[PDB]
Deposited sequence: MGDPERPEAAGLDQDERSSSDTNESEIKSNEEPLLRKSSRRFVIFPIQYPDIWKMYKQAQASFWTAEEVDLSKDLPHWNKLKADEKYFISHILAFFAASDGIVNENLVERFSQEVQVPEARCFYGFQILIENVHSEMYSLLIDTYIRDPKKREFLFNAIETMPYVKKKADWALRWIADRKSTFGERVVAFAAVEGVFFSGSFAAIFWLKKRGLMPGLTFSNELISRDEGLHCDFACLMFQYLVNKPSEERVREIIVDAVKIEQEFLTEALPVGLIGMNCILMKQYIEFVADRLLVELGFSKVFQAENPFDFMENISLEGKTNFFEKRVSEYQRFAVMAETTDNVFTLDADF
């Protein structure tokens, strides 16, 4: 415990400055710089684009949005608490605010593309009833809540949640951007994916200051495991084919993105998946 700089009770500087971890602080300031609120996203032109979508297209989009809306207390409680380094706590405090902005944003999008209130709950009944939500909740137990959960495991899990889970949905929404549809959804999507990446990178940097890093095998387990989940969700459950994407290519993007994390965490690739997408 005390053997860890990030957890060491002696890292809670007197107040703060002057900064001791310039790298961690730079990320905080970055976050601070990319601050934004839902209101900033213009949803004015969207409805005409929405109505130009085919029935199967509207089913896929309205569903992923709801899944986004479903996902959202790892950041709030554990890491903004266990880590003692002030620079890091400033970053987590900001990640909390932003996560809430993501939620307002998704609610806002659903609320305008789906006017009928009864349709909204017909939509969420299906959602909180599906596999991706449970298979993910269960995954969080085996790696975040369990007692044998070392701090290094949770840092890895954390980086997977931000970088591995939902990576496919961002890609799918990006895919629609190439077809030039729904400006407001696409704009908020890059804003949110940028934030997620920034969060994925932070978790990495946190991993990097670790004395007690878990085994590469243990890592590979959390990473690919979650890859499995993300993969079946977009291949089998909410087939990306529904919007004209290639079910197999998606399976490969997710794998590329996962290798990228592993290599970002210092380890070596395990899928050897090239990036299927050009965007």
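A.B. asks: Deposited sequence versus model: which ranges have no CA atoms?
C.D. replies: Those stretches are 1-28, 101-104, 312-351, listed in order.
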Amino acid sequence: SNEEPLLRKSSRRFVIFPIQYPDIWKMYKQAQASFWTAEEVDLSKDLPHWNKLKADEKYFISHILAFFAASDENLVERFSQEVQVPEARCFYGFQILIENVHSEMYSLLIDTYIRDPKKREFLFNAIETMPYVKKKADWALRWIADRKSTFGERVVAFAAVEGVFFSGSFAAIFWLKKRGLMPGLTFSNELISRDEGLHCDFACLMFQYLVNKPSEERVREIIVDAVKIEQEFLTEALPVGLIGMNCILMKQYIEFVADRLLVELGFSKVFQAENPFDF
From here on, numbers count along this sequence of modelled residues.
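A.B. asks: Going by the mean C-alpha B-factor recorded in the entry, which is higher: 210-218 or 231-239?
C.D. replies: Looking at the recorded C-alpha B-factors, 210-218 comes out higher on average.
A.B. asks: Per the PDB record, is the mean Cα temperature factor higher over 57-65 or over 38-46?
C.D. replies: Stretch with the higher mean C-alpha B-factor: 38-46.
A.B. asks: Looking at 160, 145, 110, 172, which one carries the largest C-alpha B-factor according to the PDB entry?
C.D. replies: In this record, 145 carries the highest C-alpha B-factor of the candidates.
A.B. asks: In terms of CA temperature factor as recorded, identify the highest of 89, 178, 102, 199.
C.D. replies: Comparing C-alpha B-factors across 89, 178, 102, 199, the maximum falls on 178.
A.B. asks: Could you look up the Cα B-factor of residue 79 in the entry and say which third of the chain it sits in: lowest, middle or highest?
C.D. replies: According to the entry, residue 79 has a C-alpha B-factor in the chain's highest third.
A.B. asks: So where's residue 138 on the chain's Cα temperature factor ranking, which third?
C.D. replies: Ranked within chain, residue 138 CA B lands in the middle tercile.
A.B. asks: Compared with the other modelled residues in the chain, in which third is the CA B-factor of residue 246?
C.D. replies: As the PDB entry reports it, the C-alpha B-factor of residue 246 lands in the highest third of its chain.
A.B. asks: Among the chain's modelled residues, which third holds the C-alpha B-factor of residue 118?
C.D. replies: It falls in the top third of the chain.
A.B. asks: Comparing residue 151 with the other modelled residues of its chain, is its CA B-factor in the lowest, middle or highest third?
C.D. replies: It falls in the top third of the chain.
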